[PDB]
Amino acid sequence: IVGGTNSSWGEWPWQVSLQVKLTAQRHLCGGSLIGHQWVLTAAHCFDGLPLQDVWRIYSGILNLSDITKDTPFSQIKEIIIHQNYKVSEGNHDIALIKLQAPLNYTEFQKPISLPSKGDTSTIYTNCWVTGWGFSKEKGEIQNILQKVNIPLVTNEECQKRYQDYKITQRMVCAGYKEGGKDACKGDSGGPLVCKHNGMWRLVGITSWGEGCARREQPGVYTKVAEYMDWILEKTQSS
């Protein structure tokens, strides 16, 4: 998160950190707790990493350097990447993670309410992106959860800023004309939540951007309302 500020405990209790343990253990992406045993993230977090056994999920945390061998973590029982997701491409960048054991809810660890498919026509107005990714383009992973207030942009306006790419109806864009505020590398998979009628709702999943925080370059997110039939069929089928 480029241009954000430190978050507090209990502020974003659905935020989780997906970490890989290879020679070292490193935060790669965010995620959003959506039920006792389901986390929602971006499918590209898994590109090139063919086993779930390397992943550790951390929830109810604020500071990544607090994580030691004592910190409790969740393990992956299964990853459902959307069928039509194609590696290195940006469509259907969404995956569900079923955890091996259900998580108990605390003020520091609680799910985010999902929108309905019908909320796809809703224009939200107070949106926030959070995570531990870079604070600047070509930057580093942050220790304290960052949070930033970003305005959504219409898909037509976002399409004019990314003429080289096809920003579809299953994507949502957010950013300033001047740039400065955006998600970045390491924020991938995390929440874009908007407070609508006094309730936080998961509107996007952080997906990609031309660099980070650049002028007239809004970040692109998977639009969760367009995937609500897929989320309900895959978590219910399981």
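Whichever C-alpha set is largest while still superposing within 1.5 Å between the two forms counts as the rigid core. The first residue of the sequence shown is number 1, and the count goes up from there.
Per-stretch RMS Cα distance to the displayed form in 4 other deposited structures of this protein, following rigid core alignment, is highest for 118 to 126 when 118 to 126 and 148 to 156 are compared. Per-stretch RMS Cα distance to the displayed form in 4 other deposited structures of this protein, following rigid core alignment, is highest for 89 to 97 when 89 to 97 and 76 to 84 are compared. When the two stretches 84 to 92 and 97 to 105 are set side by side, the higher mean Cα temperature factor goes to 84 to 92. Annotation for 117 to 125 versus 72 to 80: the higher mean temperature factor (C-alpha) is found in 117 to 125. Reading the B-factor column for the CA atoms of 43, 51, 202, 29 in the entry, the top value corresponds to 51. Among all modelled residues in this chain, the alpha-carbon of residue 47 has a temperature factor (C-alpha) in the lowest third. When the modelled residues of the chain are ordered by their C-alpha B factor, residue 135 lands in the middle third. Split the chain's modelled residues into thirds by C-alpha temperature factor. Residue 23 is in the middle one. Among the modelled residues of the chain, residue 60 sits in the middle third by CA temperature factor in this PDB entry. In this PDB entry, the Cα temperature factor of residue 209 sits in the middle third of its chain's modelled residues.
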